[PDB]
Structure formats: C-alpha cells, structure tokens
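For reference, the structure is listed below as structure tokens.
No value in this document is a laboratory result; all are computed from the given coordinates. Every residue, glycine among them, receives a Cβ derived from its backbone with ideal geometry; neighbour counts consider all protein chains shown.
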Amino acid sequence: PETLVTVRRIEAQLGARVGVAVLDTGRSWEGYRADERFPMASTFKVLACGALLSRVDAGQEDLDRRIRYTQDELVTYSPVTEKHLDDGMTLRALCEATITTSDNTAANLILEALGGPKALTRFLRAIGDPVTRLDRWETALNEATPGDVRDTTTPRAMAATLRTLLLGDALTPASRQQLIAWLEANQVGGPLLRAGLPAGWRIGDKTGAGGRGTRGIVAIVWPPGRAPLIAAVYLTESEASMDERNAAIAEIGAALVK
C-alpha cells in the first residue's frame with residue numbers, strides 16, 4: 001500500500017475526491033475509488049480518437065477527409081484549428097491536434113464526425129465499457145457539477161478501455177500505433193506524470209482540466225524492459241489551486257513508480 005496513504009492524505013489535505021486505477025499488462029491489481037465516477041475533462045479525447053480510428057479501420061471513415069469549418073464553430077482553446085480557417089484540416093490532423101494540443105474545436109469536429117457524444121458512448125459499449133459516457137461537446141463537458149454522471153468514466157473502466165484501444169484488439173495495429181504515437185507526443189500534461197517519470201521510460205498520456213477543480217490524466221507507460229502499465233488518475237471536488245492540484249496528481253503518479 002502506502003501509495004494508498006498518499007491518496008487518502010491528498011483527499012484529506014486538499015478536500016478532494018481522488019480516483020486511481022493502474023493496470024499492469026502482469027497479473028496484478030489494486031485501485032482507489034476505482035469504480036466511482038469522475039469527470040473525464042480532456043481525457044475523453046483519447047477515446048474519441050480511438051472511436052474515429054475504429055471507423056477508419058472499418059472503411060467507414062477517411063483520415064485524409066478534409067473538414068472545412070468556420071469561426072463561429074471555433075470554441076475557446078483552438079490553438080491549432082484557428083490557424084486553418086482558410087484551408088481546413090484533415091481528420092488525421094484533427095486527431096493530432098486534440099491528442100497533442102488538447103485543442104477543443106478539433107475535438108468537437110471529431111465528435112461530429114462520429115455522430116455526436118451519444119455515438120462515442122455506443123462505441124465504448126461496443127468495445128466493452130459499461131460506464132464511461134460522453135454527453136456534451138467542448139467546452140460544456142468540463143462543467144463537472146458533483147453527482148452529475150454526464151461526461152464521466154471510472155478509473156477501472158478508463159484503464160480497461162485504454163488497454164482495449166492501445167493494446168487490445170478493438171483497433172487495428174495501424175490505429176493503435178497512431179494513437180500511441182499521438183499520446184507520446186502529448187504537450188499539455190507535462191508535470192502531472194512525465195516530469196517525475198524517470199528517463200528511459202516512454203510515456204504516452206492525456207490530461208484534463210475541468211470545473212469544480214477537476215484534474216485528470218490517463219497514461220500508458222513502458223518501464224525499461226517491462227510490459228506497459230496503464231494508469232488513470234482523477235481528482236475533483238477540490239478548491240485547491242491548479243498548483244496544489246497539479247502537485248498531488250504528480251505525487252500520486254510518483255508513488256505509482258514504486
């Protein structure tokens with residue numbers, strides 16, 4: 001345990017509810033509040049990309065299909081999608097944008113490709129996830145009012161789902177290596193896991209920030225000469241600053257390397 005004491009202390013010190021799940025890909029198990037629901041924030045974007053890649057694999061979608069869009073469609077935080085109001089972007093470029101930059105319009109453009117939030121939930125069930133749901137678009141989905149089940153996962157379901165997508169058989173080998181490559185190229189989660197992550201280890205991750213103090217991260221990590229580990233760490237319902245909240249998720253992720 002003792003990684004258990006750190007989580008319990010973080011809840012008591014920060015007034016937060018924490019969810020942690022780790023999956024060793026192994027014959028090991030654990031988790032803290034791992035079947036409670038947490039707001040996904042921008043970690044859902046890994047799932048929407050896997051959803052879209054699954055449609056490509058079925059011949060139902062084209063990664064090179066160009067989406068042309070307008071500026072009333074831009075939602076706050078569009079670091080990439082704003083620079084391409086003129087030419088548009090391909091679906092592949094959009095996927096890259098949401099995983100790499102957490103660009104919110106690219107996410108919405110992918111959700112629209114899939115058929116909306118209700119359709120991502122249907123993919124998730126199709127790949128075995130009975131709990132995780134997406135219900136809104138960016139940025140409404142980060143509202144995270146406590147007790148609301150919209151736009152939620154559980155640490156157990158999210159760790160399981162990421163495994164089925166990244167290492168399981170839900171996606172093609174080409175799609176997995178695309179998603180993994182995007183996650184290894186993530187740029188907005190720096191200190192939460194990567195920073196305390198030893199050199200020589202590979203991490204692909206995706207992080208979320210959301211209202212009511214929501215902070216989340218999902219990650220596949222390859223220790224040196226070991227099977228990958230899937231981690232899902234969520235924190236919410238706290239009034240701490242983004243600083244103490246970042247430092248606790250990093251402190252939980254550090255304890256996991258032990």
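Summary table below
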| quantity | calculated |
| --- | --- |
| Qualifying residue in the range 237-257 (condition: assigned to a strand (DSSP E or B), among the aliphatic types (A, V, I, L, M) and either buried (at least 22 other Cβ atoms within 10 Å of the Cβ) or touching a strand residue (DSSP E or B) at 6+ places or on another chain (Cβ under 9 Å) (or both)) | no |
| Any hit, the range 58-67, residues being more than 27 Å from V233 (Cα to Cα), polar (S, T, N, Q) and in contact with a strand residue (DSSP E or B) (Cβ under 8 Å, 6 or more places away or on another chain) | no |
| Extreme residue, farthest from the chain's Cα centre (by Cα), among residues of the range 89-112 that are more than 13 Å from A48 (Cα to Cα) and among the hydrophobic types (A, V, I, L, M, F, W, C) | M89 |
| Total residues in the range 145-168, condition surrounded by fewer than 23 Cβ atoms within 10 Å (Cβ to Cβ), touching a helix residue (DSSP H, G or I) at 6+ places or on another chain (Cβ under 8 Å) and more than 20 Å from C95 (Cα to Cα) | 3 |
| Helices (runs of 4 or more DSSP H) completely within the range 103-183 that count 1 or more residues being among the acidic types (D, E) and more than 18 Å from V218 (Cβ to Cβ) | 104-114 |
| Condition met for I217 (buried (at least 20 other Cβ atoms within 10 Å of the Cβ) and touching a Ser or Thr at 6+ places or on another chain (Cβ under 7 Å)) | yes |
| Tally of residues being at positive phi and not in a loop (DSSP other than H, G, I, E, B) across the range 38-77 | 1 |
| Lone qualifier among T207, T172 - being among the polar types (S, T, N, Q) and surrounded by fewer than 20 Cβ atoms within 10 Å (Cβ to Cβ) | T172 |
